[PDB]
RNA sequence: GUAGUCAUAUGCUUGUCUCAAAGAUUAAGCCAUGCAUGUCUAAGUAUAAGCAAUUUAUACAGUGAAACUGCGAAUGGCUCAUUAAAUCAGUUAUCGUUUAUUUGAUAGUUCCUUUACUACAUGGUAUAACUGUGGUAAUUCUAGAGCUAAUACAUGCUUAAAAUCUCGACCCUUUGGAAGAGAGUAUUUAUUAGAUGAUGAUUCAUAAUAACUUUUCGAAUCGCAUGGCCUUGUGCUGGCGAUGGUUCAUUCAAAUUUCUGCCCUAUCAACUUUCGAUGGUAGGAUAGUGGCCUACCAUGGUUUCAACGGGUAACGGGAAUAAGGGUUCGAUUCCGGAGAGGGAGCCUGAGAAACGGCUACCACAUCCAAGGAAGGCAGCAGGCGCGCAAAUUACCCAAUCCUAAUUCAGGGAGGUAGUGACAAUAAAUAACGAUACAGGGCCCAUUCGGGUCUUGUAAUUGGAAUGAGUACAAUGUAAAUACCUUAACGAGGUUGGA
């Protein structure tokens with residue numbers, strides 16, 4: 002199978018995590034799937050898989066070696082507060098990313114031309130996804146998850 | 002011009018930040034603070050590119066905005082993406098109790114020196130101006146834009162004080178005079194540390210100074226660029242890159258690859 | 001002559017790889033269509049379930065609607081059109097000028113009414129927002145009704161006596177006791193400091209100092225932190241920040257400012273003086289320097305080192321290596337003045353000669369129930385045009401930068417693409433091999449001689465050649481992240497001469 006060598010590692014107590022460079026050796030098989038790399042790593046570190054997030058990879062011009070960077074968080078409860086909204090939909094935890102631009106630009110249109118009376122109403126119709134909403138969803142992953 | 006500038010360009014941001022040329026297009030513009038634009042290191046630079054504790058831009062936004070307080074500058078808390086940490090400062094990374102010196106290389110790049118809980122106490126201050134103000138009282142001012150009340154009177158304008166941050170107390174100062182140790186804050190010669198030889202004032206509007214050091218090199222710079230790192234040979238703080246002394250491109254080679 | 005043109009010249013048109021260019025260039029042709037600087041809590045304002053959305057702080061939870069806020073919206077960004085001018089370069093501190101920004105600092109003398117100081121168990125208002133009543137071809141319209149805020153107007157004794165400042169005897173030793181010694185600032189001048197800071201430097205300060213100034217100053221903050229102190233309600237305890245003010249320098253600046261330098265020209269000789277050409281002066285402006293002007297006068301002085309002056313559409317020009325060489329940079333102007341119909345006046349403010357604020361005027365120039373009621377996108381694209389000349393009105397703010405209020409607002413930055421020989425590159429894409437079968441060869445300059453000898457199978461072998469799909473995560477446009485790089489899973493069909 003694969004052979005991973007961990008390369009450059011820092012210790013960030015601030016965001017409570019350790020950052021490391023990864024060098025996957027797959028001489029034979031094609032680039033490793035982030036997923037599979039996620040676990041062969043968690044095993045060498047001996048840490049829950051979901052508390053280890055791996056991002057950015059490459060693949061030297063045909064040679065079976067891929068470089069990448071990963072993250073080790075101690076509390077998935079920390080990981081959930083720090084990681085980016087986009088990395089979460091990626092583990093299928095946060096979800097969708099609907100097209101805000103267009104409509105938001107159009108509401109600006111109406112609102113900029115009204116008095117408070119209606120404005121409030123309009124606002125009660127701008128494409129969802131509040132941050133207040135992002136949190137409640139983040140929170141639910143919090144309680145409902147426990148293990149390792 | 003329209004009013005007052007407000008941004009900063011990748012390309013235009015000082016070589017002291019050892020910045021990413023390809024990077025982006027801009028660069029965190031230092032906030033009006035204790036140190037001048039060019040002579041400073043905004044925190045975002047300090048953690049992201051320097052320490053490397055942060056990374057992406059939002060990484061900082063967390064660190065300095067997080068209700069925990071992870072960054073200290075001279076015994077105080079800071080939460081500004083670009084607080085201008087300047088020369089001879091002391092920065093502490095709360096969550097790890099890290100203590101650093103904000104000092105220039107020997108090649109003029111901002112370097113982070115690791116201090117022991119010991120030096121982390123004292124910080125070196127250089128004297129800006131000295132005059133008496135309100136109700137018969139004496140005031141001294143430091144480069145670090147420190148304003149001092151009732152300071153020891155044996156202190157001339159171009160002095161250097163040792164500061165006990167813990168007690169916001171002064172102790173053992175030392176003016177610049179033939180026979181001391183110094184650090185040059187900026188110039189074609191910054192990052193160097195030697196023995197003051199003599200100070201020829203020319204009054205016409207610009208006095209100069211000379212210096213010697215380890216390999217006994219001859220140095221020349223304007224007073225405004227001399228910072229007294231100490232009195233009579235003994236330096237007061239641990240210097241980065243060994244001793245404050247740079248090598249010929251020739252000496253670097255022979256030391257490293259031994260040619 | 002020669003052909004070639006390593007001439008084009010354009011004139012014919014084909015795997016895989018990308019550091020990746022494309023209406024400044026014409027006129028400084030503008031706003032079709034598309035489009036657009038607002039904003040947050042420890043933090044200032046929200047209903048004793050009519051913002052109200054819960055939910056049961058509960059005398060004010062969140063929670064937000066809306067507003068109030070309070071902020072930026074003088075930033076840029078495109079634009080020489082000018083401009084031969086310091087424009088600009090250096091090259092000036094500014095004793096000559098202004099200063100948010102940022103800190104640092106920071107502020108006892110406000111009465112003393114002839115303390116019902118009332119009494120601060122911190123004032124008054126005023127308002128929205130708000131419920132509503134409306135209007136009108138129709139407004140960022142607006143009317144009239146009511147509301148309520150308040151970190152906004154508008155304030156406002158700071159007691160509990162003899163306030164508090166400032167000598168100090170004295171002992172009484174410290175707790176010092178100290179007697180009784182005496183008593184704040186923006187705005188003015190006017191003196192005196194200043195012998196006893198500082199400059200070369202001062203009439204400098206920062207002093208005072210009086211006066212006398214429709215003149216200031218001075219946290220009716222909020223936030224958690226309310227548990228320690230004694231009291232026992234108490235008195236505190238304010239902690240700590242938020243929310244201020246203060247002046248100084250604190251960068252912010254600018255803003256001057258010397259000191260070198262645009263093309264030519266003597267066929268530039270001379271120049272400049274009615275008010276400036278000069279000096280010098282009174283003032284006044286100027287925020288504040290200045291003939292900048294009011295004067296008032298000085299006659300000034302510039303100048304062949306060509307001055308007056310002329311003529312060069314002129315908008316306009318940073319890195320570093322380097323025996324030698326190697327090389328190269330910042331990146332289509334680092335630098336850096338003048339436009340955003342015409343004109344005018346005005347606008348913000350720390351902070352605009354405010355482009356993208358006005359007005360009003362002009363002009364254009366438009367909607368219309370007749371009435372009124374528009375409108376200036378060289379910050380974009382787009383069609384006309386122009387008409388020389390070039391890609392969808394992609395993706396994201398993934399960075400990294402931006403603004404920005406206590407967050408993670410927002411960033412037309414930036415980025416990402418695509419398109420796209422754009423300039424392109426690359427230069428790598430059916431052959432390796434099984435056998436038979438064999439005609440004799442096939443070539444020559446060949447005329448005949450010569451050379452000698454495989455050559456056809458439209459015969460029978462080769463690997464599970466390889467290509468193309470399939471998870472494959474992904475350096476990865478945290479979304480491009482299946483399109484990359486994998487990985488594999490699978491998987492070969494010009495000429496001439498009859």
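Chains as they are written, first to last, in the entry's author numbering: chain 0, 2 to 149; chain p, 2 to 260. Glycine is no exception: its CB is placed at the ideal position from the N, C-alpha and C atoms.
- The criterion of a C-beta distance shorter than 8 Å is satisfied by residue 23 (chain 0) and residue 8 (chain 0).
- The beta carbon of residue 13 (chain 0) sits closer than 8 Å to some beta carbon of chain p.
- Membership of residue 111 (chain 0) in the alpha helix (DSSP H) is indicated by the continuous run 101-112.
- Residues of the stretch 38-63 of chain p with a C-beta atom less than 9 Å from some C-beta of chain 0 are 48, 52, 53, 54, 55, 56, 57, 59, 60, 63, listed in chain order.
- Between the alpha carbons of residue 234 (chain p) and residue 59 (chain 0) lies a gap of roughly 53 Å.
- For residue 62 (chain 0), there is no enclosing alpha helix (DSSP H), since its DSSP letter is neither H nor E.
- Looking at the DSSP output, residue 104 (chain p) shares a beta bridge with 112 (chain p).
- The beta-bridge partner set that DSSP reports for residue 99 (chain p) consists of 94 (chain p).
- In this structure, residue 196 (chain p) and residue 182 (chain p) form a Cβ contact; the two beta carbons are roughly 6 Å apart against a cut-off of 8 Å.
- The beta carbon of residue 186 (chain p) sits closer than 6 Å to those of 88, 226, 228, all from its chain and outside the five residues before and after it, given in chain order.
- Distances from the alpha-carbon of residue 147 (chain p) to those of 125 (chain p), 255 (chain p), 157 (chain p) put 125 (chain p) closest.
- The shortest C-alpha to C-alpha distance from residue 136 (chain p) to any of 67 (chain p), 255 (chain p), 151 (chain p), 129 (chain p) is the one to 151 (chain p).
- Taking 9 Å as the Cβ-Cβ cut-off, the stretch 226-249 of chain p has no residue approaching chain 0.
- Assigned with DSSP and collapsed to three states, residue 22 (chain 0) falls in strand.
- For residue 175 (chain p), the enclosing beta strand (DSSP E) starts and ends at 170-176.
- Identification of chain 0 residues near residue 97 (chain p) by a Cβ-Cβ cut-off of 7 Å yields 14, ordered along the chain.
- Residues of chain 0 with a Cβ closer than 7 Å to the Cβ of residue 71 (chain p) are, in chain order, 15.
- At a cut-off of 8 Å between C-beta atoms, residue 79 (chain 0) does not count as an interface residue with respect to chain p.
- The DSSP assignment places complete beta strand (DSSP E) segments of no fewer than 3 residues inside the stretch 123-158 of chain p at 123-134, 138-143, 147-150, in order along the chain.
- For a cut-off of 8 Å, the C-beta gap from residue 127 (chain p) to residue 107 (chain p) is around 19 Å, too long to register as a contact.
- Going by beta carbons, residue 73 (chain 0) and residue 19 (chain 0) fall inside the 8 Å limit.
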